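# Survey of secondary and tertiary structure
Take a look at the letters that make up each chain.
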Amino acid sequence: XXXXXXXXXXXXXXXXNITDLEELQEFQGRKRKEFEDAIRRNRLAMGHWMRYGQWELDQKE
RNA sequence: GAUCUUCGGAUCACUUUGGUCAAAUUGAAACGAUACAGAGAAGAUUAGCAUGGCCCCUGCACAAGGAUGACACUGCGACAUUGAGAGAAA
Ligand SMILES: [Mg+2]
Ligand SMILES: [Mg+2]
Ligand SMILES: [Mg+2]
Ligand SMILES: [Mg+2]
């Protein structure tokens, strides 16, 4: 019962929008805060950078 | 005005104003009241040092504290294919 003491933990852990024009800008604003913070945490870290642009084109351009 | 001296005529003295309101709700601290939640290190209890800034208070302080003051990410990818089979479009 050695390999079964590990696999039994995984299966136990395994089992365990938007309206208006105004309310979207709130949603859109908070995601900007999110992104800007992750830049301050890491000056360089291009994953956070690249993402941030992609996200803005789809919304605005 | 004062001193010389023809009643003319001299001579001395020369442009202020430290103002964020011209009369205490609506133009210069926030804290406090209340409600919730209620304190790092992979059992539980537990000292700490750092680390990075668009977070800051105490401090004469390039001492030291403030919970170790508080807060803190980790998909992508510069895309090859092989060889076979099926499908739709030229
Ligand atoms: Mg300290
Ligand atoms: Mg402690
Ligand atoms: Mg202490
Ligand atoms: Mg620290």
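It should be noted that the structure appears before, not after, this text.
Here goes a summary of the coordinates provided.

Our next topic: the overall build of chain A. Broken down by element type, chain A carries three helices and zero strands. Reading the secondary structure of chain A in the N-to-C direction produces α-α-α. At 20 Å, chain A has a C-alpha radius of gyration far larger than the 10 Å of a compact globule built from 61 residues.

Notably, a salt bridge pairs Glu 56 with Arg 32, separated by 3.7 Å at the nearest N-O pair. One end of the pair, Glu 56, is in helix α3 (residues 46-59); the other, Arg 32, is in helix α2 (residues 22-41), with 24 residues separating them in the sequence.

Where α2 contacts α3, the axes come no closer than 10 Å and their chain directions differ by 160°. In terms of axis orientation, α2 runs roughly antiparallel to α3. Considering the relative orientation of α2 and α3, their crossing is left-handed. Contact with α2, carried on its side by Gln 28, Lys 31, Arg 32, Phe 35, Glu 36, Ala 38 and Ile 39, involves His 48, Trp 49, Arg 51, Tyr 52, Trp 55, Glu 56 and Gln 59 of α3 and no other residues of that element. For the contact of α2 with α3, the per-class residue count stands at six nonpolar, three polar and five charged.

What follows deals with unusual backbone geometry. Not every positive phi belongs to a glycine, and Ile 18 is a case in point at roughly 75°. Within the secondary structure layout, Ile 18 lies in the loop between α1 (4-15) and α2. The phi angle at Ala 45 is positive, at roughly 145°, despite the residue not being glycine. Assignment of secondary structure puts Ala 45 in the loop between α2 and α3.

Reading the values: the criteria
- Residues numbered from 1 in each chain as written, not as in the entry; some residues may be left out.
- Chains lettered and ligands numbered in written order.
- Part of a larger assembly, values for the part shown.
- Heavy atoms only, no water.
- Residues with missing side-chain atoms left out of burial classes, pairs and counts.
- Helix = DSSP H or I, 4+ residues; strand = E, 2+ residues; numbered from the N terminus.
- Rg over C-alpha atoms; globule rule 2.2 N^0.38 Å.
- Salt bridge = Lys/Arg side-chain N within 4 Å of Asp/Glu carboxyl O.
- Axes fitted to C-alpha atoms, helices over the stretch in contact; angles between N-to-C directions.
- Parallel < 35°, antiparallel > 145°, perpendicular 65-115°, else oblique.
- Left-handed = near helix turned anticlockwise from the far one by under 90°.
- Contact = heavy atoms within 4.5 Å.
- Nonpolar A, V, L, I, M, F, W, Y, C, P; charged D, E, K, R; others polar.

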